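Please read the structure below before turning to the comments.
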Amino acid sequence: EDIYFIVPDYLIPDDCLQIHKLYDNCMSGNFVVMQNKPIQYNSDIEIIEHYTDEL
Amino acid sequence: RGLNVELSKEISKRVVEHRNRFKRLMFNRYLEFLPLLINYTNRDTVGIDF
Amino acid sequence: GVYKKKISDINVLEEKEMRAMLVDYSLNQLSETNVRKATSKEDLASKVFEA
Amino acid sequence: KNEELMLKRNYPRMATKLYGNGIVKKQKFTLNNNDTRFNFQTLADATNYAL
Amino acid sequence: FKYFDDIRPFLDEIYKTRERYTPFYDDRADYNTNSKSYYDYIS
Amino acid sequence: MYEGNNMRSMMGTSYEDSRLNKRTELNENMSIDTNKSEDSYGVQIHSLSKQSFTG
Amino acid sequence: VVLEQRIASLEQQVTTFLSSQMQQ
Amino acid sequence: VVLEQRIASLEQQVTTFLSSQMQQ
Amino acid sequence: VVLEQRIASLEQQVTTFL
Amino acid sequence: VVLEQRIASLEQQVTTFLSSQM
Amino acid sequence: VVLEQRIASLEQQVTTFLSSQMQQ
Amino acid sequence: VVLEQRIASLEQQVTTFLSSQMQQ
Amino acid sequence: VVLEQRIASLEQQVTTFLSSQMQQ
Amino acid sequence: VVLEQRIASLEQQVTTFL
Amino acid sequence: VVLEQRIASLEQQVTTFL
Amino acid sequence: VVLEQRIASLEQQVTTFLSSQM
Amino acid sequence: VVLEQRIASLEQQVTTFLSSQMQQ
Amino acid sequence: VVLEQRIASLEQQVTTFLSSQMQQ
């Protein structure tokens, strides 16, 4: 469902949402989440601090 | 007015200012760029500001 | 209106400063061969017409 | 009472209240590019911090 | 206004330090020699 | 009334509206959606969905 | 062809509403 | 064609909302 | 038909009115 | 695109209806 | 076609909104 | 073809004027 | 063609301005 | 065409508005 | 027609006059 | 381009009207 | 065509402006 | 074709003379 926080104003679906990943291939109503990185271990704002002092 | 300058090892503070400003600049530049690398067949038909 | 009048003032400023530099060239510079002495105010008309 | 009271006028009376100006209020903030990157070991969390 | 407060929570205030994270590579402490620590401690 | 060129760069073009945006809002609704205690005579305690507020 | 897609969309709509009140 | 599929989708949604309003 | 589509939107508007 | 345009019109009509009974 | 129906419908909604609720 | 564009332009004109006085 | 679309756009704007002038 | 008919209906609405 | 287009600009000018 | 030219003429005519009643 | 109507209209506006309001 | 250019040239001539005495 649309339990999550919604940033647009009136364009909300107000209807059946779903995640379209594994319910089927290509069938369910669309609301797909996109990760930055599939498995997250360390943020790369730390690696950019890691080399920039050495640099 | 108030003025009495150090010496001309002012450069030995100017040198460490160049280092400090370089770290600040390169760090925030590198994350100023990093959220645009992919852009993924840019606006074929899809209303996303990528 | 504040913008239009503060371009109008720089107009007035440079034109009165340029007539000022003409006049003090005429008085502080321009050696005494080029001056011609009039005596009255209508003498000046005859002098400038022959000049 | 006498008949010329017809000539005597009677204005409607007023009850007013004046308010005047409000308050312009402001609020500012000051976000950095180096000292916040000493903390915030992931960059995406710094962008989330920003908004 | 006579208050013998107590003796123990004053003798820890002279042996207490917060130890905030001042970053290295900034101009708050440029050479980061061990002198500004002395100023900020005795003052 | 007077025209000149009423658009100059800034604060000659700011006596009009100048980009009304992100007006202060009751998107989250106090006194109706919250400050609410008209919660129905239900059966059980089913679930309370916990969401990590990334945004 | 078009129906094949709408028929697929409505079956997922039935299935994601049946599970809201299912015994499953 | 595709507009006919959209018109079929909208009447299904209107029937679902009407069943949401009236109990049967 | 397209007249059926026109009759469907009027029914949608009448249902939204209620 | 035409279908999307039609959908947008339907949504706007619904919104208009939701504000006035006329 | 149906595009003429859409252009007729959008002028009707434009007249309705611009005549009924407001001037802007 | 030309109408398809003007019909799209006027629907956005209706939508950005309805939101000026909307409940949304 | 495109001039006809422009003539349709201008009469719509004139009708909108006339509805802006007179209350109905 | 139908677009010409809609344009004629729009000038009639403009004349009724005047 | 083009005469309808000519009648529309005269109506636009008369509306702008008011 | 022709359409743009026509639009420009319409705008100029409107401007002319907006200055004199004649 | 309509280009002749445009050339006739622009001479009319040119005559109107250059005869009514000013000489320049 | 030739007229299209002269008609464009004279409209700019009208527009740059109307602005010499405009309210704009």
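Residue names in the structure tokens use chain letters A, B, ... in the order shown, residue numbers from 1 in each chain, and ligand numbers from 1 in the order shown.
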Can you write out as CSV which residues of chain L fall within 7 Å of chain K, alongside each residue's closest atom pair and its distance in Å to one decimal, counting only C-alpha atoms and ordering rows by chain and ascending residue number?
```
residue,atom,partner,partner_atom,distance
L:7,CA,K:7,CA,6.5
L:14,CA,K:14,CA,6.5
L:17,CA,K:24,CA,6.5
```
Matching every Cα in sequence order between the two identical chains, what are the coordinates of chain R once fitted onto chain M? Write them as a compact mmCIF listing (two decimals) with N, CA, C and O atoms, in the first residue's frame.
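Written file, superposed_36.txt:
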```
# COMPACT_ATOMS: atom_id res chain seq x y z
N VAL R 1 -3.70 24.65 -42.67
CA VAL R 1 -3.58 23.73 -41.54
C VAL R 1 -2.99 24.43 -40.32
O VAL R 1 -3.52 24.31 -39.21
N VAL R 2 -1.90 25.16 -40.53
CA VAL R 2 -1.25 25.88 -39.44
C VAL R 2 -2.17 26.94 -38.85
O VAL R 2 -2.21 27.13 -37.64
N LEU R 3 -2.90 27.63 -39.72
CA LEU R 3 -3.81 28.68 -39.29
C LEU R 3 -4.92 28.11 -38.41
O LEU R 3 -5.31 28.72 -37.41
N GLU R 4 -5.43 26.94 -38.78
CA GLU R 4 -6.49 26.28 -38.03
C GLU R 4 -6.12 26.13 -36.56
O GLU R 4 -6.98 26.17 -35.68
N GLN R 5 -4.83 25.97 -36.29
CA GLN R 5 -4.34 25.81 -34.92
C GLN R 5 -4.17 27.16 -34.24
O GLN R 5 -4.54 27.33 -33.07
N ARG R 6 -3.61 28.14 -34.95
CA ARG R 6 -3.45 29.47 -34.37
C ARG R 6 -4.79 30.15 -34.18
O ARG R 6 -4.98 30.90 -33.21
N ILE R 7 -5.73 29.91 -35.09
CA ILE R 7 -7.07 30.46 -34.93
C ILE R 7 -7.78 29.84 -33.74
O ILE R 7 -8.58 30.50 -33.07
N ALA R 8 -7.49 28.57 -33.46
CA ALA R 8 -8.04 27.94 -32.26
C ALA R 8 -7.37 28.47 -31.01
O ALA R 8 -8.02 28.59 -29.96
N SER R 9 -6.08 28.77 -31.09
CA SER R 9 -5.36 29.24 -29.91
C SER R 9 -5.79 30.65 -29.53
O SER R 9 -5.96 30.96 -28.35
N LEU R 10 -5.96 31.52 -30.53
CA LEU R 10 -6.40 32.88 -30.23
C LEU R 10 -7.85 32.94 -29.79
O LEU R 10 -8.19 33.86 -29.02
N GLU R 11 -8.74 32.05 -30.24
CA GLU R 11 -10.12 32.10 -29.72
C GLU R 11 -10.22 31.73 -28.26
O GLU R 11 -11.00 32.33 -27.51
N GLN R 12 -9.41 30.76 -27.81
CA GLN R 12 -9.34 30.46 -26.39
C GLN R 12 -8.72 31.61 -25.62
O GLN R 12 -9.09 31.86 -24.47
N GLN R 13 -7.78 32.33 -26.24
CA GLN R 13 -7.19 33.50 -25.60
C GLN R 13 -8.21 34.62 -25.44
O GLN R 13 -8.17 35.36 -24.46
N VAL R 14 -9.12 34.75 -26.40
CA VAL R 14 -10.18 35.75 -26.27
C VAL R 14 -11.19 35.30 -25.23
O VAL R 14 -11.72 36.11 -24.46
N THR R 15 -11.46 33.99 -25.18
CA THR R 15 -12.51 33.49 -24.29
C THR R 15 -12.06 33.48 -22.84
O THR R 15 -12.88 33.64 -21.93
N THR R 16 -10.77 33.30 -22.59
CA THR R 16 -10.28 33.27 -21.22
C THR R 16 -9.90 34.67 -20.76
O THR R 16 -9.38 34.85 -19.66
N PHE R 17 -10.17 35.67 -21.59
CA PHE R 17 -9.94 37.05 -21.20
C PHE R 17 -11.28 37.76 -21.11
O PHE R 17 -11.43 38.71 -20.35
N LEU R 18 -12.25 37.28 -21.88
CA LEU R 18 -13.60 37.82 -21.76
C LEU R 18 -14.23 37.41 -20.44
O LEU R 18 -14.93 38.20 -19.81
N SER R 19 -13.94 36.19 -19.99
CA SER R 19 -14.48 35.71 -18.72
C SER R 19 -13.81 36.38 -17.52
O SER R 19 -14.33 36.27 -16.41
N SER R 20 -12.68 37.05 -17.72
CA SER R 20 -12.06 37.77 -16.62
C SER R 20 -12.86 39.01 -16.26
O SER R 20 -12.76 39.50 -15.12
N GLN R 21 -13.64 39.55 -17.19
CA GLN R 21 -14.45 40.73 -16.94
C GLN R 21 -15.91 40.52 -17.34
O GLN R 21 -16.61 41.47 -17.62
N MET R 22 -16.36 39.27 -17.38
CA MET R 22 -17.68 38.98 -17.91
C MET R 22 -18.76 39.23 -16.87
O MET R 22 -18.50 39.39 -15.68
N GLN R 23 -20.00 39.26 -17.36
CA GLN R 23 -21.16 39.15 -16.48
C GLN R 23 -21.44 37.70 -16.11
O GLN R 23 -22.17 37.45 -15.15
N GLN R 24 -20.87 36.76 -16.85
CA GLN R 24 -21.06 35.34 -16.60
C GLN R 24 -20.36 34.90 -15.33
O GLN R 24 -19.29 34.30 -15.39
```
Would you mind aligning chain N to chain I, a least-squares fit over all C-alpha atoms taken in order, and returning the superposed chain as a compact mmCIF listing (two decimals) with N, CA and C atoms, in the first residue's frame?
```txt
# COMPACT_ATOMS: atom_id res chain seq x y z
N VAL N 1 -19.50 1.56 -27.77
CA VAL N 1 -19.03 2.58 -28.71
C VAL N 1 -18.58 3.83 -27.96
N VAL N 2 -18.44 4.93 -28.70
CA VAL N 2 -18.07 6.19 -28.08
C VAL N 2 -19.21 6.74 -27.24
N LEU N 3 -20.45 6.50 -27.67
CA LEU N 3 -21.61 6.89 -26.87
C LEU N 3 -21.68 6.09 -25.58
N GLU N 4 -21.31 4.81 -25.64
CA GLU N 4 -21.24 4.00 -24.43
C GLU N 4 -20.12 4.49 -23.51
N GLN N 5 -19.02 4.97 -24.08
CA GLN N 5 -17.93 5.52 -23.27
C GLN N 5 -18.35 6.82 -22.60
N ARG N 6 -19.09 7.67 -23.32
CA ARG N 6 -19.59 8.90 -22.72
C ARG N 6 -20.64 8.62 -21.66
N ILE N 7 -21.44 7.57 -21.86
CA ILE N 7 -22.41 7.18 -20.84
C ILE N 7 -21.72 6.62 -19.61
N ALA N 8 -20.59 5.93 -19.80
CA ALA N 8 -19.82 5.44 -18.66
C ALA N 8 -19.15 6.60 -17.93
N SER N 9 -18.71 7.62 -18.67
CA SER N 9 -18.12 8.79 -18.03
C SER N 9 -19.17 9.60 -17.28
N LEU N 10 -20.40 9.63 -17.79
CA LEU N 10 -21.48 10.30 -17.07
C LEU N 10 -21.87 9.57 -15.79
N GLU N 11 -21.93 8.24 -15.76
CA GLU N 11 -22.19 7.56 -14.48
C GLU N 11 -21.05 7.71 -13.49
N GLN N 12 -19.82 7.84 -13.98
CA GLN N 12 -18.69 8.12 -13.10
C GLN N 12 -18.81 9.52 -12.49
N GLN N 13 -19.28 10.49 -13.27
CA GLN N 13 -19.50 11.83 -12.74
C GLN N 13 -20.65 11.85 -11.75
N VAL N 14 -21.67 11.02 -11.99
CA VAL N 14 -22.80 10.94 -11.06
C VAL N 14 -22.36 10.27 -9.75
N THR N 15 -21.48 9.28 -9.84
CA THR N 15 -20.99 8.62 -8.64
C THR N 15 -20.03 9.52 -7.87
N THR N 16 -19.25 10.34 -8.58
CA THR N 16 -18.39 11.31 -7.91
C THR N 16 -19.21 12.43 -7.29
N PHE N 17 -20.37 12.74 -7.87
CA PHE N 17 -21.23 13.77 -7.31
C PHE N 17 -21.89 13.30 -6.02
N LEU N 18 -22.18 12.01 -5.92
CA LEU N 18 -22.81 11.46 -4.73
C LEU N 18 -21.83 11.38 -3.57
```
